[PDB]
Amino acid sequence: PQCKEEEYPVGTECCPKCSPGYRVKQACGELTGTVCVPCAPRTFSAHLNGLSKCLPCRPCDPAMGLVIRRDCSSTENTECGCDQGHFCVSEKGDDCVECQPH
């Protein structure tokens, strides 16, 4: 790659990534490093990143039997769980994608 893991490409240069919970406000240049600002409320960044915007927090859709199990934070996407008396029939990591009653 053009840049090592802690950096991200901006044209023909490499710039330092922003920390989790932050995103890039201004790219680096010779005189200034990357300017980073916090994620907007209801958005997150879980890793070092070169994002111009943080990622939107996922919803938890009641139509799929879902509720919030851990709310989204600036560094972690929403984790959805099942409504009472329901169980998960498919996951994506710490997150339940669909529940069924039983």
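From 1 onward, residues are counted along the sequence shown.
Enquirer: On mean Cα temperature factor in this entry, is 89 to 97 or 11 to 19 the higher one?
Expert: For C-alpha atoms only, the mean B-factor is higher in 89 to 97.
Enquirer: Based on the deposited C-alpha B factors for this chain, I'd like to know if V67 is in the lowest, middle or highest third.
Expert: For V67, the deposited C-alpha B-factor lands in the middle third.
Enquirer: Using the B-factors in the PDB entry, rank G29's C-alpha atom against the chain and give the third, lowest, middle or highest.
Expert: Top third by C-alpha B-factor.
Enquirer: Quick check on the deposited entry: does the C-alpha B-factor of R58 sit in the lowest, middle or highest third of its chain?
Expert: It belongs to the lowest third of the chain when residues are ordered by C-alpha B-factor.
Enquirer: Sorting the chain's modelled residues by C-alpha B-factor, tell me whether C39 ends up in the lowest, middle or highest third.
Expert: CA B-factor rank for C39: middle third.
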